[PDB]
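Asks: let's see this in three dimensions:
(3 chains, ligands or ions: 2)
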Amino acid sequence: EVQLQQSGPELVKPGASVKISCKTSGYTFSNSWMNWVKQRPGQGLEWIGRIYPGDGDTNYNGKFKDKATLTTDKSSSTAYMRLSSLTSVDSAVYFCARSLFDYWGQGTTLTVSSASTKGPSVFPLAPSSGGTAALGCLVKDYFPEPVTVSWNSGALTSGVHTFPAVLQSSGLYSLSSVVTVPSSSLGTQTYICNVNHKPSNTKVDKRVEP
Amino acid sequence: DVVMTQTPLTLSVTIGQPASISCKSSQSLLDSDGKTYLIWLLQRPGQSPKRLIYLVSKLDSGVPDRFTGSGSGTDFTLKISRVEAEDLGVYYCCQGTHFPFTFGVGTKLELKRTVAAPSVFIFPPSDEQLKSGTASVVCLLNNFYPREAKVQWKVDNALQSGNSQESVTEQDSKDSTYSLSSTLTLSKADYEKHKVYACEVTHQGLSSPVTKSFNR
Amino acid sequence: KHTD
Ligand SMILES: [Cl-]
Ligand SMILES: [Cl-]
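Replies: Numbering: from 1, shown residues only, chains lettered A, B, ... in the order given. Ligands and ions are numbered 1, 2, ... in the order given. And now the structure:
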């Protein structure tokens, strides 16, 4: 079977460059076009260009002709994309895809940011004072993604919604995790959100009280 | 560049029932070799794209027979005879006849269910956060359907424009609803100059908009 | 124009 295996996630500062790889197996690498595709967060697919590894021939989308450079290493059956002078808008998932987009890599996430590693602050969303109450935790001002949230060390999962993070203009992320619970439990059941931000080795267990 | 126009943007489907989606090109995609380089891709949530149909009507290996592709001139259609759960995701058409190759914007297939109004909650900023110097006011819309919902913030009757961000969950695996958060961010100094904080929700399951509010 |  054909397989395209891309390199791992990248986090770089604006102005830097990065080179992403696509290692192939299961077919003759030199004899198939390799495309690259961009997907901005929450958005659609964009074609960057393609390279024919046997002779280095290329076709670029003009939008990317000054940003992306396609190369290959035939001896290791690997295709490369270099992205230069990076800015925030270059943050995306990038895919390699063969020939008439017939086989795809698993994607590489690129994050371009001037922010430094920072753990979150964790604030309660206290239940207000049909028998159902909502409460939560606001997990604010962390970098990079991801944070994870559990409730009551895993014992509470029904009715939990942990929202996708939002990128603030500050360059830091924020999200909330909420849960709905019986109003009659509020005086007798403790509710604790368990927040983990591995990049900063930040773990917090925050009790949410009325 | 060739423009690929996909419609609808979202199709609400039912397991066991047919689906049809459309992709129209601004230029003929018939090449001089007789081939029409039109393909259909499915991107399941959290996954890379996969090709399902190529050269208008040819199924990729392993793709179920419930899928068919057709074309007449620049008008292309993907049909599913009976939808199954593994078919949910975003469908992209793509053309490879003219440079640069181009994609449609995607059609999302989501599950239809009965209309469900959101349960709405508002949360003032915590004292902990205020001591830290910022204020976040959170409005929660829980377990609603369909996805379309309008959330408007008012601070002492001043409509907030550009001062909040929304986040939405994936369609729920159990009940096919959505949930949404809207977060209004202000400085602590700004928060303390106003009294009434209100989020007003418009949704098809509510006969009139619902407003949740507090006095600081 | 295309491979494979
Ligand atoms: Cl599959
Ligand atoms: Cl309002």
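Asks: identify the residues contacting residue 140.
Replies: Because you didn't say which chain, this covers chain A. A:120-123, A:172, A:174, B:129, B:134, B:136 (CB atoms under 8 Å, 6 or more residues apart in numbering or on different chains). For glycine as for every other residue, the C-beta is placed from the backbone atoms N, C-alpha and C.
Asks: hmm, I had chain B in mind actually
Replies: A:134, A:136, A:176, A:178, B:120-123, B:179-181.
Asks: how about CSV for the contacts of residue A:140, with distance to ligand 2 added?
Replies: Conversion of the contacts of residue A:140 to CSV gives the following (distance: CB to the ion, whole Å):
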residue, distance to ligand 2
A:120, 29
A:121, 27
A:122, 28
A:123, 23
A:172, 27
A:174, 22
B:129, 22
B:134, 21
B:136, 17
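Asks: and these near chain C, which?
Replies: With the criterion set as CB under 8 Å from any CB of the partner chain, no member of the contacts of residue A:140 is near chain C.
Asks: the residue positioned nearest the centre of chain A sits in which helix or strand?
Replies: For chain A, the residue nearest the mean C-alpha position is residue A:109 (5.7 Å; CA atoms, centre = their mean). In the assignment (DSSP states H and E), residue A:109 maps to strand A:108-112.
Asks: which residues touch the helix or strand following that strand?
Replies: The helix or strand immediately downstream of strand A:108-112 is strand A:121-125, counting by DSSP H and E. Here strand A:121-125 makes contact (CB under 8 Å, 6+ apart) with A:134-141, A:176, A:178, A:193, A:195, A:204, A:206-209, B:123, B:125-126, B:128-129, B:132, B:136, B:138.
Asks: over to stretch A:39-49?
Replies: Counting by CB under 8 Å, 6+ apart, A:35-38, A:58-61, A:63-65, A:68, A:70, A:81, A:89, A:91-95, A:107, B:41, B:43, B:49, B:92, B:94, B:100-106 sit against stretch A:39-49.
Asks: can you give me the buried ones in the top helix by length along chain B?
Replies: For chain B, the helix with the greatest residue count under DSSP state H is helix B:127-132. Neighbour counts over helix B:127-132 (16 or more other CB atoms under 10 Å in any protein chain shown) mark B:129-130 as buried.
Asks: does chain A have contacts with that helix?
Replies: Yes - Helix B:127-132 lies within reach of chain A by CB under 8 Å from any CB, at B:128-129, B:132.
Asks: same thing with stretch B:27-45?
Replies: Yes - counting by CB under 8 Å from any CB, chain A is contacted by stretch B:27-45 at B:37, B:39, B:41, B:43.
Asks: for residue 44, grab the count of nearby residues.
Replies: No chain was given, so I picked chain A. 15 (other CB atoms under 10 Å in any protein chain shown).
Asks: was after chain B, sorry
Replies: 13.
Asks: now it, nearest residue through space, not along the chain?
Replies: Take residue B:44 and drop its neighbours on the chain: the residue closest to it by CB to CB, 6 or more residues apart in numbering or on different chains is residue B:89, 4.1 Å away.
Asks: coming back round to it: does chain B sit close to the strand holding residue A:109?
Replies: No - taking CB under 8 Å from any CB as the criterion, strand A:108-112 and chain B are apart, separated by no less than 10.3 Å.
Asks: all helices for chain B, in order.
Replies: B:127-132, B:188-191.
Asks: which other residues reach the first one?
Replies: By CB under 8 Å, 6+ apart, the surrounding residues in contact with helix B:127-132 are A:121, A:123-124, A:138, A:140, B:135-136, B:188, B:191.
Asks: if we can go back for a sec, beta partners of the residue nearest to the centre of chain A?
Replies: residue A:93 (DSSP bridges).
Asks: on that earlier part again, among the contacts of residue A:140, which ones are buried?
Replies: A:120-123, A:172, A:174, B:129, B:134, B:136.
Asks: the helix or strand where residue A:179 lies: partners in the sheet, and parallel or antiparallel?
Replies: Element membership for residue A:179 (DSSP H and E) is strand A:173-182. Strand A:173-182 sits in its sheet next to strand A:132-142 (antiparallel), strand A:160-162 (antiparallel), strand A:166-167 (antiparallel), going by DSSP bridges.
Asks: residues in contact with the helix or strand following that strand: which ones?
Replies: Note on strand A:173-182: by DSSP H and E, the next helix or strand toward the C-terminus is strand A:192-197. Defining contact as CB under 8 Å, 6+ apart, one finds that strand A:192-197 is touched by A:119-120, A:122, A:136-137, A:139, A:142, A:146-154, A:177, A:202-208.
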